[PDB]
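Just so you know, all these numbers are worked out from the coordinates, no wet-lab data involved. When we count neighbours, we look across all protein chains shown, and the Cβ atoms used for this are built from the backbone with ideal geometry, even at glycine.
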Number of protein chains: 2
Amino acid sequence: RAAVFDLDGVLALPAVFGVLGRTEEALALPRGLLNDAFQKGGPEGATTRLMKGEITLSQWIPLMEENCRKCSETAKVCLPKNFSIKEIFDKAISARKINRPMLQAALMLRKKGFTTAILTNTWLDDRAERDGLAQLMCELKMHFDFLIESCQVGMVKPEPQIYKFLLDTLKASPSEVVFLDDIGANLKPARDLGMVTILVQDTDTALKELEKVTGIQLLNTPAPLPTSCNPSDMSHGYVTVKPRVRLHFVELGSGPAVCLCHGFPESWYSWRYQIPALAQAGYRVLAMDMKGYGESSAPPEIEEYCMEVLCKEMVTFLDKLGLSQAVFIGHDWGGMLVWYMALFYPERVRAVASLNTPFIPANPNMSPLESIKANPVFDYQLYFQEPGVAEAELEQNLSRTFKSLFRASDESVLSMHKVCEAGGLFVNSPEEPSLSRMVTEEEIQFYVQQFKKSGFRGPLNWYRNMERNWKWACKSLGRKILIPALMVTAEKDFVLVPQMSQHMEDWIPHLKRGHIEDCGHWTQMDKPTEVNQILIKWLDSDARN
Amino acid sequence: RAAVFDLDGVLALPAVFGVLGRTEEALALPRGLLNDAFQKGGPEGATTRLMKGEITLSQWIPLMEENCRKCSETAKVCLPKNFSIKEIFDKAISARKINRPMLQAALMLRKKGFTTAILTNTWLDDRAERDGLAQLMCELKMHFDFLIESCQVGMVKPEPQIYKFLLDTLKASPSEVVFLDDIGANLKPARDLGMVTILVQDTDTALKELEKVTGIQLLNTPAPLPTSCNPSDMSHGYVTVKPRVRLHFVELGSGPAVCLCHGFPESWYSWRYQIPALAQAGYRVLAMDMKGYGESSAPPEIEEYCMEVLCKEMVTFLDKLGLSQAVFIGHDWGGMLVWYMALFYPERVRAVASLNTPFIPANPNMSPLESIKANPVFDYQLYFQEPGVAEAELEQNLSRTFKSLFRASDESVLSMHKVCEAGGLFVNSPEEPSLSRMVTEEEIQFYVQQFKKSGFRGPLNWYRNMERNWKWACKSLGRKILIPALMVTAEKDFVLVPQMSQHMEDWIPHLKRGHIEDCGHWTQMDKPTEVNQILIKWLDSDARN
Ligand SMILES: O=C(NCc1ccc(Cl)cc1Cl)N1CCC(Oc2ncccn2)CC1
Ligand SMILES: O=C(NCc1ccc(Cl)cc1Cl)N1CCC(Oc2ncccn2)CC1
């Protein structure tokens, strides 16, 4: 049981086939002139040779023209003065856009165990604007197990061989396979080989039919999550910033550089839902394992975690990567870091953005410890301070830990006030915590494996400079942030409440604002789709311009 | 003994200080109006506060205006209708360009054992166009051991503290240090602290003086090599393309993606001289460890090295990296690969380029082995064929191997014809080979270490598919390359002679051509500067447009 989708007319709706007609009307041409001239000679014909990979698209155009001279000639018509097949097809190809709901379906069947595949008759595109084809072929490609292109295999639909071929690459029986296609002709050979066939016109009936024979709802199915990340299928980067300090990250996409700075205690993976989005949106994403986390160096000394050096190391990270600047987006402790970045290295910062984390001026007259007791919900911060105590407690049950922390607003199971008195952090929580809606059991275990490397010393050391940070932070009390910034608040984040940012305007005049209702502190996994909305808008708006 | 250089007026010639005057003339302003208004209040003054990092540049402008209202007022003049300090400084900053010869000098002293450093009074730049500052600060930064900016340390020249500071960061005695600067005032405190001081105006006298007190020629010194690469200071990438196949590479720069495909038997490092250039030129460079080499998977089976799969894996490499297309530049076997890339994946190829390697149509009627005996200098290719024979011989003395192969035109020590009969490849060469001009002993040993990993099986397997490549290659006999391509020939490459490419025009109509006289087969290290010239021109010309 597996499912195969044609490109043109199935997953990519405006059909190149249909734009021909629209040109015929538009151009006052004899109905079918272009379509008939498109396939003159059958399998010996220019088009078939093209589908077989025998000639490039640019090699085909002239070959397509001549058909139209002849085809105009038999019907005894004229082809307009500036009539050009190049232009007609450019617009068309680039007029073709994904069919989000069909794609939706593939993703569901897939997620439901199905082996999926795009089986398309397609040329080798060597136009100048070919990028727009390659660009879309990537969007799609990824959400399928296979892509079979007529031009590489050397076979075209409806040659029964490409079907067997597909069958054998599928490793399935004809009876196990569903096959949707806009071209009846191409259904017949699959049909008569025994597989299911769906004729596609409206996507709605095509899907009704699909859910019917799969026994899996695809039609009007809930709002599906943004595309996530499989650590294996990723690109992983390593840069030494210091002799005993390597930073690790994940690279994806092309465009201006967007640098994602996670929080405590997370990993590059804490961005899984936005990493594909931003790439698609057209940026170059680089998700940090922040110092102390996972596959990045994790030095035991407290002082190697003050902001100054952490930023000193991001700069140096950009040094060794060929980057003048990058846009810094952070969350939790990362959102803080990003603020020092905009504050001490405007040069190197295209634009800054924080998730949850507010810009708080450092009080000259107030040792940040004093400012710790106030606001009672800041008790656990204390509990960390002492090297040893908390590390032990948090490294004791790894799985228990992340399960206990990673929870939606209401799934909470911790009261992070009275923490010190309580004698610990999970003092009054389970050891068997149930699994949140936000994470699968496999997305938890991942975090588990990252920390078996460096433990919690490092991450907890971020909380162990303050006297030092604060002091560094005072120097910048003269300054204002005048680069483009975005502040995004979460409703149900008890620790970092929207109202601490209330005063950020005194400091960042043209601060943009994003809010998110019904959202907790794990803004990335709790509200992936909205996080995406707010950040992509501001990126197009405020980054590259 | 170490050397310190100011930015403005020393390494970056048009001096911001001097453009003020040019504005005064230009604007018919009272000589010195701007300069005096630039430093009103001394150390309490806007400018000093700015140099100290107290305020951002954008915070300074208004503060700089008002000075000019007052300064115009005391001299009793008018400031023009649309008079703006913002615009005046924009142009200026972006009018400032590196001082190549001063830089030259730093690089020499450095290479000569000197500890070097930029000690500049500089602001924190938060303009929109700030990128142009960051961009240049990176060019330079890298070629020095240290950069000390007044705005981070919190100290300005000529405060004697920043000097001591510099001294203590240098870890040197005043007497050990040279210090060039355009501003006499800033020399005095260093001078009177005991270090050498040079007053810079013309760069030529400033350098005469430098070479004088260093005992090292800097003036009119030979044409220096392009900037190379220190593997440690690099960014190293890893992407799995297959279950048991990881590809490794080096990332640097930003812009369109340029993908560098080395040859046999080399490594990403075989591009050391062009990797910094292209980055600077403004592209995103990704130097491959090609399958079988160094830090990339090295599967023993022959067939995992045919072109088809090698390209299938580059595509897949671009998949997992967020790349629609990349420009492929190859050399030796890499130049070949790139040709299949342009031939089977135009979509995915922005532009193609080969170094040495020509585009040879596959003869339908001729088993490529037949076509092997012909052209006698293709004997060693035979010698490889047999899994075992050559691997053994080449893995025997690693160092001997690379020393023996990596040689300029005339440094040759091998006759790669009669190889089979001779009974080996280095049959009649030394074991103690002298070291070529092209490589230091440390650039050899590097190659040595890479191959202790995967050995020679893998690399030699590229030569072990031909019947297979050829067959794959026949399919494309219908096709023409119509994307932008560049073919670069080397004069003294006995194996890949310029004349094999003579016919490439029948295949690639608007093929661009680059030649290089007095050059061998190791085009990258033999002619780094020219390689750079040809490729950067064609990149601006033919890539991004
Ligand atoms: O405690 C954290 N992060 C960990 C954390 C936060 C919230 C929750 Cl629910 C769970 C966890 Cl583990 N921070 C406090 C200190 C940082 O700086 C800051 N700045 C201004 C106001 C408050 N904090 C923000 C991150
Ligand atoms: O032998 C090599 N490279 C290794 C090599 C070349 C030259 C020298 Cl001096 C030393 C070494 Cl080790 N090639 C021959 C096969 C490849 O394809 C090809 N295509 C057309 C004509 C000739 N070759 C080019 C690379």
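Below is a table of values for the structure above.
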read-out	value
Approximate spin-label separation A:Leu199-B:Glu386, in nm, with each point projected 7 Å along Cα-to-Cβ	6.5 nm
3J(HN,Hα) from dihedral phi, the stretch B:507-518, Karplus parametrisation 6.51/-1.76/1.60, rounded to Hz, x for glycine, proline	10, 10, x, 9, 6, 8, 10, x, 10, 9, 6, 6
Calculated P(r) tail over 41 Å for the protein assembly as shown, as whole % of Cα pairs	52 percent
Whichever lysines have a C-alpha closer than 27 Å to that of A:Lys81, once near sequence neighbours (fewer than 8 apart) are set aside	A:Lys40, A:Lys70, A:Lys91
The stretch B:234-545, relative contact order in percent, only Cα pairs under 8 angstrom and at least six apart counted	21 percent
Pairwise centroid distance, computed over Cα atoms, of the stretch B:464-523 with the stretch B:270-317, Å	19 Å
Simple label model, 7 Å out from Cα along Cβ direction - A:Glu421 to B:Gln135, nm	6.0 nm
Spin-label model distance (nm) - A:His510 vs B:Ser232, 7 Å beyond Cα toward Cβ	4.4 nm
Per-residue Cβ neighbour rank within 10 angstrom, fewest leading, A:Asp332, B:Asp202, B:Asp542, A:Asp493	B:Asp202, B:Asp542, A:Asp493, A:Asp332
Beta bridges per DSSP with both ends in the protein assembly as shown, % antiparallel, nearest 5	25 percent
Cross-link partners of B:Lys171 among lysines (Cα-Cα below 24 Å; sequence separation of 8 or more within a chain)	A:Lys242, A:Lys312, B:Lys52, B:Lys111, B:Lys112, B:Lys141, B:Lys157, B:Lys188, B:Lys212
Cα-derived Rg over Rh, computed across chain B with Rh taken as Kirkwood radius	1.07
Cα gyration tensor, the stretch A:407-484 - rounded (a/c under 1.5), prolate or oblate	prolate
Calculated label separations, A:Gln39, copies of the chain, 7 Å along the beta-carbon direction, nm	8.2
Per principal axis, descending, Cα span of the stretch A:286-370 in whole Å	41, 31, 20
Coarse-grained scattering of the stretch B:146-271 at q = 0.09, 0.11 Å⁻¹, given as base-10 log I(q)/I(0) from a Debye sum over alpha-carbon atoms	-0.51, -0.67
The stretch A:494-543: radius of gyration over Cα atoms, expressed as a fraction of 2.2 N^0.38 Å	1.25
Rg to Rh quotient for the stretch B:15-94, alpha carbon positions, Kirkwood Rh	0.94
For B:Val448, label point 7 Å along C-beta direction: distances to other copies, nm	4.6
Among B:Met51, B:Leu79, B:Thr316 - extreme Cα towards positive end, dipole of chain B, charges at beta-carbon	B:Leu79
Ascending list, in nanometres, of distances separating the B:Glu25 label from those of the other copies (7 Å, Cα toward Cβ)	6.8
Cα-based reach from B:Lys475 at 12 Å (exclusive), listing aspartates and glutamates while leaving out same-chain residues under 8 positions away	A:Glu54, B:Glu308
Given charges at Cβ of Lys, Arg, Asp, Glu: the protein assembly as shown dipole, positive-most of A:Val338, B:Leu167, A:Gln396	A:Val338
Axis-nearest residue in chain A [Cβ, rotation onto B], distance in whole Å	A:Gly237, 3
Estimated 222 nm signal from helices in the protein assembly as shown, with DSSP H stretches of n ≥ 4 weighted -39500 (n - 2.57), rounded to 500	-11500 deg cm²/dmol
Whole-number D in µm² s⁻¹ for the stretch A:234-545, Kirkwood Cα-pair radius fed into Stokes-Einstein, 25 °C, 0.890 mPa s	125 µm²/s
